[PDB]
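Presented as structure tokens, the chain that follows is alone, the form deposited in one PDB entry.
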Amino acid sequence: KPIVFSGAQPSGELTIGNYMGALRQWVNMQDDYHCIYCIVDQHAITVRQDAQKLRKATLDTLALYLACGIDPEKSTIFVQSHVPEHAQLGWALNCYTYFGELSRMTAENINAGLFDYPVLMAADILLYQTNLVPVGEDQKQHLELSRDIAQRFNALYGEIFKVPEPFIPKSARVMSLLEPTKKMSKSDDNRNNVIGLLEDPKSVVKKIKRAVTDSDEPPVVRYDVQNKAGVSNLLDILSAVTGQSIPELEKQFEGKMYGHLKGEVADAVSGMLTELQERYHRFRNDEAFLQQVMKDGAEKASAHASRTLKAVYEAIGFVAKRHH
């Protein structure tokens, strides 16, 4: 099976765009690939965090990924800081990364971590002999650096690393509720644009009801991204939840207004979210289960990570560690 590596930020509150797009897709491909999910708490501290919130957010992220359907028996899920090999390889790879490359990544009051984290990101991927990396547009420059580091290192010492590839195929279109041209992003400043995975029925209704549509006369529920971005976004969201086709939904809403569309979308999204929240709260409230998931995952990751690091360390020419 090809190895897939995904970094999960313990800070990003996931939206329905994250779930119905990328996540639900990957939950269904756990028997096709050897998937690795890394909760990146060492990346998170590049921005200053409240200590207690970061600890909570780490566990919130673990429970939500399990709630979405990540299976710790099939996939490997773990906390980044629990595996020392990431930092160990991170430093080694600093020495085979040009300063110019990090300065070219798109002044003196910035912390060194925020400047230097793309090297740790490269080490995260290269530790596990990774074949595929699903990235957004924003993470593409980081993957190229990881690929350039791997090729540069292999040219000097032989075939130590796999040169990773991006996962090209896309999933599910979910746009922002008040700016349907812009995609629904977890990083969005305005939260009225997004529907979080842990939102209750009343909060979704309020946000869906206020979603921008259009001033067509008569009002007509038809798919058209150019001219009816808002109405089209609501149909896409409804299609993603229920599995019904857009033309099937256009037939369903024939002679119906936007208020009735918005009601069916709110009803459907909350039906999906309520099952996901049952799972979330059940996993999140069981500390013994979360501890056992983290131990097994870190144990799995560390076994594989140490094999690569030992080869990296042997190649560079360090004296081998004495054990007992």
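So that the term is clear: the rigid core is the largest set of C-alpha atoms that superpose within 1.5 Å between two forms. Numbering starts at 1 and runs along the sequence shown.
- Rigid core superposition in 8 other deposited structures of this protein puts the Cα atoms of one stretch, out of 93-101 and 173-181, farther from the shown form on average, and that stretch is 173-181.
- Displacement analysis by core superposition in 8 other deposited structures of this protein ranks 134-142 above the other of 134-142 and 83-91 in root-mean-square C-alpha distance from the shown form.
- Missing coordinates between residue 106 and residue 107 amount to 4 to 9 residues of the deposited sequence.
- The gap between residue 171 and residue 172 holds 1 to 3 unmodelled residues of the deposited sequence.
- Across the two stretches, 54-62 and 251-259, the PDB entry reports the greater mean Cα temperature factor for 251-259.
- Comparing 133-141 with 114-122, the stretch with the higher mean C-alpha B-factor in the PDB entry is 133-141.
- For the set 75, 213, 80, 94, the PDB entry assigns the largest Cα B-factor to 213.
- Taking the deposited Cα B-factors for 235, 194, 89, 149, the highest one is held by 194.
- In the PDB entry, residue 241 places in the middle third of its chain by CA B-factor.
- In the PDB entry, a CA B factor belonging to the middle third of its chain's modelled residues is recorded for residue 293.
- Sorting the modelled residues of the chain by their CA temperature factor places residue 201 in the highest third.
- Ranked by Cα temperature factor within the chain, residue 41 sits in the lowest third according to the deposited record.
- Among the modelled residues of the chain, residue 180 sits in the highest third by CA temperature factor in this PDB entry.
There is also a form solved in complex with a small molecule; it is not shown, and the following applies to it.
- Contact with the small molecule in the entry with it bound, defined as a heavy atom within 4.5 Å, holds for exactly one of 40, 273, 70, 62, namely 40.
- This chain is displayed alone, yet in the entry with it bound one of 131, 81, 239, 139 has a heavy atom within 4.5 Å of the small molecule; that residue is 139.
- Using a 4.5 angstroms limit between non-hydrogen atoms, residue 9 touches the small molecule in the entry with it bound.
- Although the partner is absent here, residue 121 sits close enough that one of its heavy atoms falls within 4.5 Å of the small molecule in the entry with it bound.
- Within 4.5 Å of any heavy atom of the small molecule in the entry with it bound lies no heavy atom of residue 194.
- Within 4.5 Å of some heavy atom of the small molecule in the entry with it bound lies at least one heavy atom of residue 125.
- Shown alone, this chain has one stretch from 241-249, 131-139, 207-215, 71-79 that lies within 4.5 Å of the small molecule in the entry with it bound by heavy atoms: 131-139.
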